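Peer 1:
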Amino acid sequence: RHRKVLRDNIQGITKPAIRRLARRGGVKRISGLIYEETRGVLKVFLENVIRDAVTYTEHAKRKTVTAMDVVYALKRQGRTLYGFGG
Amino acid sequence: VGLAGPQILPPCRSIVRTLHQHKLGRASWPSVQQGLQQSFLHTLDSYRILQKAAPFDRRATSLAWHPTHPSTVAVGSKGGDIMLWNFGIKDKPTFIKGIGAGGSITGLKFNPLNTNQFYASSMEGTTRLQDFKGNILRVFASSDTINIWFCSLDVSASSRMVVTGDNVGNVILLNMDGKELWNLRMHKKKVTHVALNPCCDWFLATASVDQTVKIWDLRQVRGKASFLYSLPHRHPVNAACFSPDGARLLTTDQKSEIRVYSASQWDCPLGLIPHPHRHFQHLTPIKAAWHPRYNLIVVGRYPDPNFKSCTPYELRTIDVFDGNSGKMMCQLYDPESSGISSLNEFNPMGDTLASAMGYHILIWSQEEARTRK
Amino acid sequence: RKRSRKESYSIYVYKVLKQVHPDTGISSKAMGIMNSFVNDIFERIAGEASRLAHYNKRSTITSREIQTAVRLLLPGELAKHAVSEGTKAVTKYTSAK
Amino acid sequence: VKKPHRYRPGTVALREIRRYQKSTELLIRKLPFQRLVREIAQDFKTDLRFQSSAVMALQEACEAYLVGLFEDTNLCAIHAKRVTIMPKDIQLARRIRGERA
DNA sequence: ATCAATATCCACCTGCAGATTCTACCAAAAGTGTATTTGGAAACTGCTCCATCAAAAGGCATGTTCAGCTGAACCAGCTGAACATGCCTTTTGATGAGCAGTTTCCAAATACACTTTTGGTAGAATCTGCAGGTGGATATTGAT
DNA sequence: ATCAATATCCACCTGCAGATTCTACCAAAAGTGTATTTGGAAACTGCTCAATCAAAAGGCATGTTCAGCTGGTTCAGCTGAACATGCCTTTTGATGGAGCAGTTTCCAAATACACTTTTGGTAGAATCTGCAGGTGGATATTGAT
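Residue numbers (the working numbering), protein chains in the order written: chain A, 7 to 92; chain B, -4 to 368; chain C, -12 to 84; chain D, 36 to 136.
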């Protein structure tokens, strides 16, 4: 058998979920090639933020990533986040 | 690693002739035992056909074999529910319930004397001795205050002693009729497993969450960690079980490791069998076991994407290693049983294996024999 | 028995809310939002004031510097009204010692 | 009634627009997102753990970012007298923001 | 246009998940008083900035002319929404160690006062690469 | 392809605005010593994280339709780049001559700091009620004959 669920990866971010997301942005009609590209885009964003978060985590000699690290890592990219402390 | 797998073959050299060599006196017994270990591995790769299955309620925590008879077994649940089951009987085996919520049996050995009895250690805080019909014969000790309970238990008959471990760090040692001269503390935290040697009578082993496993002398030491030996670890320990021969101690951790300690200089190890049996809350902790008549080891595998696997194919399966070498020799697998084999125990007899998975009990004997007229 | 102590701006936000809309409540998440918002604005303003001070080789942060930073960061009419409130506050505080 | 009732193309999408814009619950499921984060983090440093609220915060940030991106995408699309977004639109928007990659 | 379908709004009902109110008590905030800056008034100076003139002068205002561009009808085809279905993922509740978060304490790390150099910097005295100039070889362009 | 008209690029020269180097010297760096504070290795402990199995809820992979969106074709305007001309806003360059940037003094105001005494902000135990959810009934938006 070969499942590895659909890639054991980003492909669990299913199509209709992206559809709902595009619906939030007011969009009506989407092409079939969008999905994959969006996924790649998402990955890049996450990568950068997570990297920074992990780096903050590494400075405190912890093995648990806290919310605060995510907040700060987001703040440095100009995407400050409210509602989780800081 | 290698030498056996879903694709690779078990059988090494075809030395069976050695039996007659033994009939002549040239070749020595240990080589023969080696060859017949080889034979058992070969036929164990045909245990693959799962004989029998058996359910009951919430969760499995402990397993035990009826010593004299092959097909009989006892098992203990998350909810103080015990079962006794015999194969080839079809008489709808015997049951006994408990509270069901906070009465988790955690240790279970048969009575060496009265086969219709059994010892038990319970989350209620009462190391008890009780019948398969339900009547409790005797409590042996007690917490006398809830939220402090026992976890470990074992007994010896040649010496007539009982031993039991707590959830905080202290061990108790009773006679088969009470008469307690013990309850000095041994550890700092919960004692997960503990056992007595069968070939001597009077040195003991205990293991704990303290990243330490300790060997005692129950007649000579009285001074609260005037112990005999103490072996450290990198992680906690889920189980420490002796050999039948008495010279090889086996130890199995919570993160990723197995260790073989020997008679010779308890401190240093002989060999490390890396293999994942990662610990977890709702899972039942994993307990390596010897096979009574060879130098084998039997374990349940619980994969880890972070464990550095030497083999590229990592399934949920029962592994079988060699004791005095280090590497593997067999792997049992059968879909429709993709659960995690928490417990595995061979018979004292040598022809049968039991597995305790979550909500399931499995029996692995061979089948598909030829027929009579 | 060991116990820590985490401060916030919660109680004060609650007071203000009861002043402006007596028959209205507010959830914990939103109060957290307001807490983070206050912390963010505080940090921006203090940092900007610091930068102004350092650029003019003055070692004291005063009301003047805060006023300047406010005019820089915020736009238009919001700045003017807030500045009004600030000046009124200073005038009241300085008199009734 | 004989034939199944059938809405014309576009209407149900609009219905989805109004329904999801009126509410606020997260649209992506927790678990896959957890697994994604865990995989990527594993490739930088091993055996890390994550608090739940951190995952929630990443979820909020990602969804807000994507929403903004699709918004600019849709504007760029409208600029070309189309109604269908395409990859080059997304590329255009990201290139203009400077979120290069 | 009018009739059924279906989605959605709106009136009404109930118990619980946060919302709200009531204790102790201790870290936090105000008060005295003193030690210590420190920023604004006054007095000066020289750098830089601002209103004028004049001689080009390169650049800007205007006016033609036409070759490429911007849209506007039209249509093939494609491609992606609607919907049904079964199935597969996801959700959610069962009552152990690990790690975030404190508390001690002192060996290492580093601020502060003063003296001794010394490298960095303003300004005078040389250098020189390159902005202008001149001349000639292609390189594009564009008509034929 | 083949031939005229300008635009761009190479070669060779030359003097000067800017670059580089050489002094004097004075505000930082280093040393030394001593006073002060701090970060990180041990002792605890109470919240939270790691992931399985069983039973059930809700959503997704797939496959069938078909409306209308894309995108290429062709064509009627139209309007915006080339380029000529003449005049005129700007460059440059000079000069004056007011005003402000920046120094230097200094002292009356302001504020950090070491205590002492109040006090309200916050953890945690008792109440509570608005809203999530649920039931039921009435209007709105799609869409077909």
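Ideal Cβ positions, reconstructed from N, Cα and C, are used throughout, including at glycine.
Helix, strand or coil for D/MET121, going by three-state DSSP, please let me know.
Peer 2: Stepping through the fourth sequence from its first residue, residue 121 of chain D is reached at position 86. The answer is coil: DSSP assigns D/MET121 none of H, G, I, E or B.
Peer 1: Hey, would you say B/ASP212 sits closer than 7 Å to B/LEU223, going by beta carbons?
Peer 2: On the second sequence, residue 212 of chain B is found 217 positions in, with the first residue counted as 1. On the second sequence, residue 223 of chain B is found 228 positions in, with the first residue counted as 1. Contact: yes.
Peer 1: Under 7 Å Cβ-Cβ, which residues of chain C neighbour A/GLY89?
Peer 2: Here residue 89 of chain A is taken as the residue at index 83 of the first sequence, counted from 1. Per Cβ cutoff of 7 Å: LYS16, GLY19, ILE20, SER23.
Peer 1: Residues in the segment 19 to 35 of chain A with C-beta within 9 Å of chain D's C-beta atoms, listed in sequence order?
Peer 2: Within the segment 19 to 35 of chain A, the residues whose Cβ lies closer than 9 Å to some Cβ of chain D are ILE19, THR20, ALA23, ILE24, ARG25, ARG26, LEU27, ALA28, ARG29, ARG30, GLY31, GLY32, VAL33, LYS34, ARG35, listed in chain order.
Peer 1: Taking CB distances under 7 Å as the criterion, tell me whether A/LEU12 reaches chain D.
Peer 2: Here residue 12 of chain A is taken as the residue at index 6 of the first sequence, counted from 1. No, no contact with chain D.
Peer 1: Where are the alpha helix (DSSP H) runs, 4 residues long or more, that stay fully inside the segment 37 to 67 of chain A, in chain order?
Peer 2: Listed in chain order, they are 40 to 65.
Peer 1: Within the same chain, show all residues whose beta-carbon is closer than 6 Å to that of D/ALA112, passing over the 5 residues directly before and after it, in chain order.
Peer 2: Counted from its first residue, the fourth sequence places residue 112 of chain D at position 77. Excluding residues within five positions, the ones whose Cβ falls inside 6 Å are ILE120, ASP124.
Peer 1: Are the segment 195 to 203 of chain B and the segment 229 to 244 of chain B touching, with three or more C-beta to C-beta distances below 8 Å?
Peer 2: Counting Cβ pairs under 8 Å, three or more are found: they touch.
Peer 1: Could you tell me the distance, in whole angstroms, from the CA atom of B/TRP80 to the CA atom of B/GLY0?
Peer 2: Residue 80 of chain B sits at position 85 when you count from the first residue of the second sequence. Residue 0 of chain B sits at position 5 when you count from the first residue of the second sequence. Looking at the two C-alpha atoms, the distance is approximately 32 Å.
Peer 1: According to DSSP, is B/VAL11 helix, strand or coil?
Peer 2: Within the second sequence, residue 11 of chain B is the residue found at index 16, counting from 1. DSSP places B/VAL11 in helix when its eight states are reduced to three.
Peer 1: Is it a yes or a no for the segment 353 to 361 of chain B touching the segment 293 to 305 of chain B, going by three-plus beta-carbon pairs under 8 Å?
Peer 2: No, because fewer than three Cβ pairs between the segment 353 to 361 of chain B and the segment 293 to 305 of chain B fall closer than 8 Å, the two stretches do not touch.
Peer 1: Starting from the Cα of D/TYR100, find the closest Cα among D/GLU134, D/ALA76, D/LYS57, D/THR46 and give me that residue.
Peer 2: Indexing the fourth sequence from 1 puts residue 100 of chain D at position 65. When only C-alpha atoms are compared, the closest one is D/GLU134.
Peer 1: Name the DSSP beta bridge partners of C/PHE24, please?
Peer 2: Against the third sequence, residue 24 of chain C aligns to sequence position 37. DSSP, once it has assigned bridges, lists no residue as partnering C/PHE24.
Peer 1: Determine, for A/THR86, whether the minimum Cβ-Cβ distance to residues of chain D falls below 7 Å.
Peer 2: Working through the first sequence from its first residue, we reach residue 86 of chain A at position 80. It does not; no Cβ of chain D falls within 7 Å.
Peer 1: B/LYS73 and B/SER99: beta carbons closer than 7 Å?
Peer 2: For the purposes of this step, residue 73 of chain B is taken as residue 78 along the second sequence, with counting starting at 1. For the purposes of this step, residue 99 of chain B is taken as residue 104 along the second sequence, with counting starting at 1. Yes, they are a contact pair.
Peer 1: Please state the DSSP three-state secondary structure of B/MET352.
Peer 2: As a first step, residue 352 of chain B is located in the second sequence; it is residue number 357 there, counting from the start. Strand.
Peer 1: Hey, could you find the ends of the beta strand (DSSP E) B/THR56 is sitting in?
Peer 2: Working through the second sequence from its first residue, we reach residue 56 of chain B at position 61. Looking at the DSSP string, the run of the beta strand (DSSP E) that includes B/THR56 is 55 to 60.
Peer 1: Is the shortest distance between the beta-carbon of A/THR70 and the beta-carbons of chain D less than 7 Å?
Peer 2: In the first sequence, the residue the question calls residue 70 of chain A occupies position 64. Cβ-Cβ to chain D under 7 Å: yes for A/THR70.
Peer 1: Please go through the same chain and pick out, in chain order, the residues whose beta-carbon is closer than 7 Å to the beta-carbon of B/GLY318, but skip the five residues on each side of it.
Peer 2: Position 323 of the second sequence, counting from 1, holds the residue named residue 318 of chain B. Answer for B/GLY318: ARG243, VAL255, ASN290, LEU291, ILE292, listed in chain order.
Peer 1: Under 8 Å Cβ-Cβ, which residues of chain A neighbour D/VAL72?
Peer 2: As a working note, residue 72 of chain D is residue 37 in the fourth sequence. Those are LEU52, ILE56, listed as they occur along chain A.
Peer 1: By the 10 Å Cβ neighbour count, where 16 or more other Cβ atoms means buried, how is B/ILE141 classified, buried or exposed?
Peer 2: Along the second sequence, read from residue 1 onward, the residue named residue 141 of chain B stands at position 146. Exposed, because fewer than 16 other Cβ atoms sit within 10 Å of the Cβ of B/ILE141.
Peer 1: For B/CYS236 versus B/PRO5, is the C-beta distance shorter than 7 Å?
Peer 2: Within the second sequence, residue 236 of chain B is the residue found at index 241, counting from 1. Within the second sequence, residue 5 of chain B is the residue found at index 10, counting from 1. In this structure, B/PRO5 does not lie closer than 7 Å to B/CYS236 by Cβ.
Peer 1: Here's the rule I'm using: 16 or more other beta-carbon atoms within 10 Å means buried, otherwise exposed. How should B/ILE44 be labelled?
Peer 2: Working through the second sequence from its first residue, we reach residue 44 of chain B at position 49. B/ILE44 should be labelled exposed.
Peer 1: Output the distance between the C-alpha atoms of D/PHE105 and C/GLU35, rounded to the nearest integer angstrom.
Peer 2: For the purposes of this step, residue 105 of chain D is taken as residue 70 along the fourth sequence, with counting starting at 1. For the purposes of this step, residue 35 of chain C is taken as residue 48 along the third sequence, with counting starting at 1. Computed Cα separation, rounded: 34 Å.
Peer 1: Going along chain A in order, which residues have a C-beta closer than 8 Å to the C-beta of D/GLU106?
Peer 2: For the purposes of this step, residue 106 of chain D is taken as residue 71 along the fourth sequence, with counting starting at 1. Those are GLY31, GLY32, listed as they occur along chain A.
Peer 1: Does the separation of the CB atoms of B/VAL158 and B/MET181 fall below 7 Å?
Peer 2: Position 163 of the second sequence, counting from 1, holds the residue named residue 158 of chain B. Position 186 of the second sequence, counting from 1, holds the residue named residue 181 of chain B. No. Outside cutoff.
Peer 1: Using a Cβ-Cβ distance cut-off of 7 Å, determine whether D/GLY133 contacts chain A.
Peer 2: The sequence position of residue 133 of chain D within the fourth sequence is 98, counting from 1. Output row for D/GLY133: interface = no.
Peer 1: Kindly identify the DSSP beta-bridge partner or partners of B/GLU340.
Peer 2: Looking up residue 340 of chain B in the second sequence gives position 345. Beta-bridge pairing links B/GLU340 to B/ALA349.
Peer 1: Return the bridge partner residues of B/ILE100 from the DSSP annotation.
Peer 2: Within the second sequence, the letter at position 105 stands for residue 100 of chain B. Note: B/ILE100 sits in a beta bridge opposite B/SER117.
Peer 1: Keeping to the same chain, check which residues put their C-beta closer than 8 Å to that of B/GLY129; ignore five residues upstream and five downstream.
Peer 2: Position 134 of the second sequence, counting from 1, holds the residue named residue 129 of chain B. These residues qualify, in order along the chain: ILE91.
Peer 1: Grab the span of the alpha helix (DSSP H) containing residue 151 of chain C for me, first residue to last.
Peer 2: Nothing can be reported for residue 151 of chain C: it is not among the residues displayed for chain C, which extend from -12 to 84.
Peer 1: Would you check if there are 3 or more beta carbon pairs closer than 8 Å linking the segment -2 to 8 of chain C to the segment 73 to 86 of chain A?
Peer 2: Cβ pair count under 8 Å is below three, so no.
Peer 1: Reducing DSSP to helix, strand and coil, say where C/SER15 ends up.
Peer 2: On the third sequence, residue 15 of chain C is found 28 positions in, with the first residue counted as 1. Of the three classes helix, strand and coil, the one that applies to C/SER15 here is helix, per DSSP.
Peer 1: Any Cβ of chain A within less than 7 Å of the Cβ of D/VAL47?
Peer 2: Counted from its first residue, the fourth sequence places residue 47 of chain D at position 12. D/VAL47 does not count as touching chain A.
Peer 1: Return yes when the Cβ of D/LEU71 is within less than 7 Å of the Cβ of A/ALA23, no when it is not.
Peer 2: Mapped onto the first sequence, residue 23 of chain A falls at position 17. Mapped onto the fourth sequence, residue 71 of chain D falls at position 36. In this structure, D/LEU71 does not lie closer than 7 Å to A/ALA23 by Cβ.
Peer 1: Checking 7 Å against the spacing of the C-beta atoms, do B/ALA49 and B/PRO107 come in under that value?
Peer 2: Against the second sequence, residue 49 of chain B aligns to sequence position 54. Against the second sequence, residue 107 of chain B aligns to sequence position 112. Cβ distance not < 7 Å, so B/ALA49 and B/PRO107 don't count as in contact.
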